[PDB]
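J.: Once you've had a glance at the structure underneath, I'll fire off some questions.
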Amino acid sequence: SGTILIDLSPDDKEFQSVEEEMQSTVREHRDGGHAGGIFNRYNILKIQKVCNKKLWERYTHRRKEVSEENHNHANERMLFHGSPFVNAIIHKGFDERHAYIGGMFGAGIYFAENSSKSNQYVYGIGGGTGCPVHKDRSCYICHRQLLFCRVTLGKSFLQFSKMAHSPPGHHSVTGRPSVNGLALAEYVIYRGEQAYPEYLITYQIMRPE
Ligand SMILES: CCOc1ccc(-c2nnc([C@H]3C[C@H](NC(=O)c4ccnc5cccnc45)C3)n2-c2ccccc2)nc1
Ligand SMILES: [Zn+2]
């Protein structure tokens with residue numbers, strides 16, 4: 001595999017930065033919690049740094065290329081990723097060949113700047129049938145995993161809510177909010193090597209009250 005997970009102590013400022021980013025970027029969703037559950041906060045159980053030399057080199061190699069194509073600017077962002085495939089991704093890396101064709105921006109890998117948006121996909125598109133054990137999308141019991149990832153957007157194409165690759169001259173798509181469309185920003189890459197899954201976050205959504 002080559003992948004090592006480093007457990008971060010809650011007293012570690014690197015843990016605390018990821019924890020804060022996760023808690024602070026929660027929003028109320030217009031679906032009233034249908035996809036990700038009803039919560040305003042998480043129980044952060046565990047944050048692990050993902051260390052894989054092969055995957056890191058794959059990422060930085062792509063990043064150099066994107067940079068030369070975008071006026072020496074990678075347009076690198078730290079973004080949340082949610083999917084059922086977290087375990088595969090930390091071992092084998094992101095893989096566009098596994099992309100689901102039912103996305104707003106076609107067959108790509110979707111990231112978000114709001115943790116609560118990525119949380120809606122941990123059990124599948126629109127939350128699937130919820131947690132495996134209780135078939136509940138708002139399950140407070142079962143533990144979830146998000147990735148907090150290093151993502152190379154390069155020259156990002158701006159769009160509102162049928163697409164295979166980046167537009168010509170572009171490296172990603174930035175989905176922007178619209179009245180008849182997106183509520184929140186999402187980012188899409190069409191090459192797996194434009195993201196590194198840097199931190200694996202184990203959490204529950206917290207029951208409010
Ligand atoms: C309307 C919202 O649309 C979305 C939201 C998120 C995503 C998305 N963006 N990226 C993803 C996943 C990351 C991709 N998979 C891998 O990189 C992958 C990597 C390595 N092995 C695998 C084995 C099985 C499946 N996937 C893999 C698919 N997905 C995804 C999420 C939930 C279910 C299915 C796909 N796709 C569409
Ligand atoms: Zn459950």
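Naming scheme: A, B, ... for chains in displayed order of the structure tokens; residues 1 onward per chain; ligands 1 onward as shown.
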Neighbouring residues of residue 185 (chain A) were defined as those with any atom within 10 Å, considering only C-alpha atoms; residues of the same chain fewer than 6 positions away were excluded. Please report them as an MDAnalysis selection string.
T.: chainID A and resid 111:114 117 160 174:178
J.: Just the residues within 10 Å of region 202-208 of chain A, please, counting only C-alpha atoms, with nothing from its chain fewer than 3 positions along; format it as a ChimeraX atom specification.
T.: /A:36-48,116,119,138-147,199
J.: With only C-alpha atoms and all ligand atoms counted, collect every polymer residue having an atom within 9 Å of ligand 1; state the result as a ChimeraX atom specification.
T.: /A:81-111,118,120-128,186,188-189,192
J.: So that I can check the surroundings of region 152-156 of chain A, please list as number ranges by chain every protein, DNA and RNA residue that reaches within 7 Å of it, counting only C-alpha atoms and ignoring chain neighbours fewer than 4 positions away.
T.: A: 63, 66-67, 70, 73-77, 170-174, 194-195
J.: As a VMD selection string, please: every residue in region 19-192 of chain A that DSSP puts in helix (DSSP H, G or I).
T.: chain A and resid 19 to 24 53 to 68 86 to 92 96 to 98 115 to 119 125 to 127 192
J.: Atoms to include: N, CA and C atoms. Write the selected residues as a compact mmCIF listing (two decimals), in the first residue's frame.
T.:
```txt
# COMPACT_ATOMS: atom_id res chain seq x y z
N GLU A 19 -9.86 20.53 12.95
CA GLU A 19 -11.08 20.51 13.80
C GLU A 19 -11.85 21.82 13.61
N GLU A 20 -11.17 22.97 13.76
CA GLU A 20 -11.82 24.30 13.65
C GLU A 20 -12.42 24.44 12.24
N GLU A 21 -11.66 24.11 11.19
CA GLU A 21 -12.11 24.21 9.78
C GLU A 21 -13.38 23.38 9.55
N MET A 22 -13.38 22.18 10.08
CA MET A 22 -14.53 21.24 10.07
C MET A 22 -15.74 21.86 10.80
N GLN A 23 -15.57 22.39 12.02
CA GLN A 23 -16.72 22.91 12.82
C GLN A 23 -17.20 24.26 12.26
N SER A 24 -16.29 25.14 11.84
CA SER A 24 -16.59 26.54 11.43
C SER A 24 -17.28 26.60 10.07
N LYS A 53 4.15 8.34 0.02
CA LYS A 53 5.18 8.97 -0.86
C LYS A 53 4.70 8.90 -2.31
N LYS A 54 4.20 7.75 -2.75
CA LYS A 54 3.80 7.54 -4.17
C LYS A 54 2.72 8.57 -4.50
N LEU A 55 1.71 8.70 -3.64
CA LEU A 55 0.54 9.56 -3.91
C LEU A 55 0.92 11.04 -3.83
N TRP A 56 1.79 11.42 -2.90
CA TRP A 56 2.29 12.81 -2.72
C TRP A 56 3.06 13.23 -3.98
N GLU A 57 3.94 12.37 -4.49
CA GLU A 57 4.77 12.64 -5.69
C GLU A 57 3.87 12.78 -6.92
N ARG A 58 2.89 11.89 -7.06
CA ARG A 58 1.82 11.93 -8.09
C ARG A 58 1.15 13.31 -8.06
N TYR A 59 0.80 13.80 -6.87
CA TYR A 59 0.13 15.10 -6.65
C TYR A 59 1.08 16.25 -7.06
N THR A 60 2.30 16.30 -6.53
CA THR A 60 3.19 17.48 -6.72
C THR A 60 3.61 17.56 -8.18
N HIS A 61 3.81 16.41 -8.83
CA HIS A 61 4.14 16.29 -10.28
C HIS A 61 3.03 16.95 -11.11
N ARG A 62 1.78 16.62 -10.82
CA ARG A 62 0.63 17.22 -11.54
C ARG A 62 0.64 18.71 -11.25
N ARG A 63 0.88 19.08 -9.99
CA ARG A 63 0.75 20.48 -9.52
C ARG A 63 1.76 21.36 -10.27
N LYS A 64 2.99 20.90 -10.44
CA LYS A 64 4.02 21.60 -11.25
C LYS A 64 3.46 21.88 -12.65
N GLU A 65 2.84 20.88 -13.29
CA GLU A 65 2.34 20.99 -14.69
C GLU A 65 1.21 22.02 -14.74
N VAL A 66 0.25 21.92 -13.81
CA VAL A 66 -0.93 22.83 -13.75
C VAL A 66 -0.41 24.26 -13.58
N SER A 67 0.59 24.43 -12.73
CA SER A 67 1.20 25.72 -12.35
C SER A 67 1.77 26.42 -13.59
N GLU A 68 2.53 25.69 -14.42
CA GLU A 68 3.19 26.21 -15.66
C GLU A 68 2.12 26.62 -16.68
N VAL A 86 -13.61 6.37 0.99
CA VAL A 86 -12.53 7.01 1.77
C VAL A 86 -11.37 6.02 1.96
N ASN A 87 -11.67 4.76 2.28
CA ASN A 87 -10.63 3.75 2.58
C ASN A 87 -9.82 3.45 1.31
N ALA A 88 -10.48 3.26 0.18
CA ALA A 88 -9.80 3.04 -1.12
C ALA A 88 -8.89 4.24 -1.42
N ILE A 89 -9.39 5.47 -1.23
CA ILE A 89 -8.72 6.74 -1.64
C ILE A 89 -7.41 6.91 -0.86
N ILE A 90 -7.40 6.65 0.45
CA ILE A 90 -6.17 6.86 1.28
C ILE A 90 -5.10 5.83 0.89
N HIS A 91 -5.47 4.72 0.27
CA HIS A 91 -4.51 3.65 -0.13
C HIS A 91 -4.10 3.82 -1.60
N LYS A 92 -5.03 4.13 -2.50
CA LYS A 92 -4.80 4.09 -3.97
C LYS A 92 -4.87 5.49 -4.59
N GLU A 96 -10.59 9.25 -11.10
CA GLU A 96 -11.71 9.83 -11.88
C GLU A 96 -12.47 8.71 -12.59
N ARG A 97 -11.85 7.55 -12.81
CA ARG A 97 -12.50 6.41 -13.53
C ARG A 97 -13.68 5.86 -12.71
N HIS A 98 -13.78 6.24 -11.43
CA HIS A 98 -14.84 5.80 -10.49
C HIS A 98 -15.86 6.92 -10.26
N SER A 115 -17.71 21.71 5.21
CA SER A 115 -17.63 20.31 5.72
C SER A 115 -19.01 19.66 5.63
N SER A 116 -20.06 20.40 5.99
CA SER A 116 -21.45 19.91 6.05
C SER A 116 -21.96 19.55 4.66
N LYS A 117 -21.41 20.17 3.61
CA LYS A 117 -21.81 19.83 2.22
C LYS A 117 -21.24 18.45 1.87
N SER A 118 -19.95 18.21 2.12
CA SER A 118 -19.27 16.92 1.83
C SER A 118 -19.91 15.81 2.67
N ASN A 119 -20.26 16.10 3.93
CA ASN A 119 -20.97 15.18 4.85
C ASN A 119 -22.22 14.57 4.17
N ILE A 125 -24.60 9.56 -3.04
CA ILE A 125 -25.26 10.75 -3.65
C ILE A 125 -26.56 11.01 -2.89
N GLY A 126 -26.80 12.25 -2.47
CA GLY A 126 -27.96 12.63 -1.65
C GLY A 126 -28.07 11.76 -0.40
N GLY A 127 -26.94 11.31 0.16
CA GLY A 127 -26.90 10.60 1.45
C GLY A 127 -27.25 9.13 1.33
N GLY A 192 -7.60 12.50 -11.02
CA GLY A 192 -7.44 12.12 -9.61
C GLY A 192 -6.18 12.70 -9.00
```
J.: Which of these, A:6, A:35, A:137, A:72, has the shortest distance to ligand 2 once you count only C-alpha atoms and all ligand atoms?
T.: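 The shortest atom-to-atom distance to ligand 2 comes from A:137.
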J.: For ligand 2, which residue out of A:131, A:149, A:26, A:8 is the nearest one, using only C-alpha atoms and all ligand atoms?
T.: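 Counting only C-alpha atoms and all ligand atoms, the residue closest to ligand 2 is A:131.
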J.: Need to verify the contact set: residue 179 (chain A), 12 Å, only C-alpha atoms, exclusion of same-chain residues closer than 4 positions in sequence. Can you return it as a list in words?
T.: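 Non-adjacent residues within range: residues 30, 160, 161, 183 and 184 of chain A.
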J.: Would you please work out which residue, of A:14, A:1, A:187, A:129, is nearest to residue 158 (chain A) when using only C-alpha atoms?
T.: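 Going through A:14, A:1, A:187, A:129 one by one, the smallest distance to residue 158 (chain A) is for A:187.
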